[PDB]
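Take a look at the structure below.
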Ligand SMILES: *[C@@H]1O[C@H](CO)[C@@H](O)[C@H](O)[C@H]1NC(C)=O
Ligand SMILES: *[C@@H]1O[C@H](CO)[C@@H](O)[C@H](O)[C@H]1NC(C)=O
Ligand SMILES: *[C@@H]1O[C@H](CO)[C@@H](O)[C@H](O)[C@H]1NC(C)=O
Ligand SMILES: *[C@@H]1O[C@H](CO)[C@@H](O)[C@H](O)[C@H]1NC(C)=O
Ligand SMILES: *[C@@H]1O[C@H](CO)[C@@H](O)[C@H](O)[C@H]1NC(C)=O
């Protein structure tokens, strides 16, 4: 009777989820920024979705991680009440393009897509305040996405990391380059991920973390890319690094 | 190092808003009418002095 | 004695090229402005913002701009424009002002302290007043709490003020939250309908893509020229810069937190900005008793 | 510091104005049943004053 099941486990975030706070170029410099970041070495919920917890709170923001080579994950639905009363954001990803639509596409607690073609999903749309199309977000490989809404703008950051021959999330920095900022100005409270099943056997695995207001210290190389980062409140050594604004701390006692 | 740090601190304080809406001066020149922008430019001048 | 500056020879303005013009003729002349309780919020971006068409309409009853100088609208470049269109009574129009309180200010539409925008209010009595009366225009005079800035309240919250609900019949302390506007043409100033559009000019560190009729000037190099790149104005010399921006950022900054590189909107090359020559001037002199040569 | 149609198109005062405004009713002495149309105001101009 329980069509949808989602097994949750806990995993280590390692040093992951850092993005560019603003689109300003910096080289050979350390910059301290206060913003919503994923805390280092934080607890990340690993969800295995196999065909009853459909309510994932949005909080300040969300960090999504996908690692399947099968490319079985397709799109998202963002909504406050997730019913026809309030408008909701929806994402469609197929090989040709990506379509973002702020539309009240009514789906039950088990959203999905038909698959070939998916023309059977919706005949038309009732209301759509905002629409957008682009080259598809998704191209093993790690798809790291960060979603947030601040001062009425909904911002998405992404990184498609080509993982070397290895099993789990590496201890490397993949600074998430921003893709799209939409001035949608809608309340958001919960989000749901749309697994792709064809017409049936199918499974998905993803990682979810929640961003928190934190101060970070970011390093820019001579090329402009972020190489390392320091979370100030993680441990006293990182706090000393933040106070000194240096990744190397010399011997001594620091207030 | 102390001399360099003092100069860097001065140039960094050049970007502090000191309660004004904006930190750029030519921006507030082309932004606002004189009488209401005078107070914010006063705040900037006091902070910089 | 004095300080020497190299004055800017020319002024270059580079704005991105968009053929499409903003739908300013749609936010006005809409023959229907909904009501104040549900005021229309239209997004304006990625288009030419020609403010002359705004002045091309009837003489405005109240054209008051708070954070922006009205004469500088064309020069300035904005990220997004939120057009808040509604209709209110004339006497309440003055309620949208600093230091002034009113029912419309707190229960229909509230503006923030740092609001940068323009309020444009004009009469439509000769076009929107009828002897029967436009009953569509209604305002909600009851709410549980005050409205935060940029908030619209349309949900029918359960207003159980007393122990027993009125249950749809008249009684003590039982009144309709929505009060229909009385549009009698014989009424003077203070009760006639007035169309109000609030253009909120939300700008921040992002590609504005919304500027104004400004013919772009050819780019110049190795000359102290007043540059205006997407609203970032400054004085300096522009040089072809070796530094490689990532495809998505447009400004460069140094350890001193100063604009050091800029990406040209039209052609995508990185330009290094160097402040043109500034210095001090010293007068080396013998005593004025000896000679006047310096 | 007060803006309006009358301020910019009819009569403009400086922000640092030092003076006194004395305004009183004169309907009983300057109004006629036919209506004195000599009193007029300019609401349209190419620029401000
Ligand atoms: C991908 O989805 C878009 C949705 O707008 C559709 O227009 C397009 O035809 C699709 N591409 C396919 C089915 O190859
Ligand atoms: C679309 O918008 C209208 C107006 O807000 C609303 O009445 C309607 O319920 C919305 N959705 C549908 C089902 O059309
Ligand atoms: C950045 O560009 C320089 C050449 O300008 C190159 O030497 C360097 O390796 C690049 N950055 C990285 C991290 O590869
Ligand atoms: C107003 O808009 C209508 C269409 O909605 C148009 O027919 C009419 O000519 C317009 N007139 C003006 C500029 O007021
Ligand atoms: C318009 O802008 C595009 C985008 O950079 C540019 O390629 C093109 O040359 C521009 N056309 C002009 C300036 O006439």
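FYI, residue positions are counted from 1 along the chain as it appears here.
The way this entry was determined, per its header, is electron microscopy, 2.9 Å.
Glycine is no exception: its Cβ is also placed from the backbone N, Cα and C atoms.
In Swiss-Prot, the annotation O-linked glycosylation site falls on C:11, out of C:11, C:45, C:241, C:282. Range with Swiss-Prot annotation region 'Disordered', chosen from C:205-227, C:251-273, is C:205-227. In Swiss-Prot, the annotation O-linked glycosylation site falls on C:9, out of C:9, C:156, C:186. Residue counts for the region 'Disordered' (C:5-21) by DSSP state, with H, G and I taken as helix and E and B as strand, are 0 helix, 7 strand, 10 coil. Counting only same-chain residues 6+ beyond the ends of the region 'Disordered' (C:205-227), those with a CB under 8 A from a CB of the stretch are 6-18, 22, 44-51, 73-81, 233-240, 250-251, 262, 264, 266-267, 273, 276-277. Put simply, residue C:17 (N-linked glycosylation site) is 60 Å from residue C:166 (disulfide bond) when counted between their Cα atoms. Taking Cα separation as the measure, residue C:211 (disulfide bond) is nearest to C:22 of the disulfide-bonded residues C:22, C:174, C:224, C:276. Rounded to a whole number, the C-alpha distance linking residue C:276 (disulfide bond) with residue C:11 (O-linked glycosylation site) is 14 angstrom.
Take the Cα of residue C:11 (O-linked glycosylation site) and measure to each of the recorded positions C:29, C:224, C:289: the nearest one is C:224. Ranked by CA distance from residue C:22 (disulfide bond), the recorded positions C:9, C:77, C:289 have C:77 at the top as the closest.
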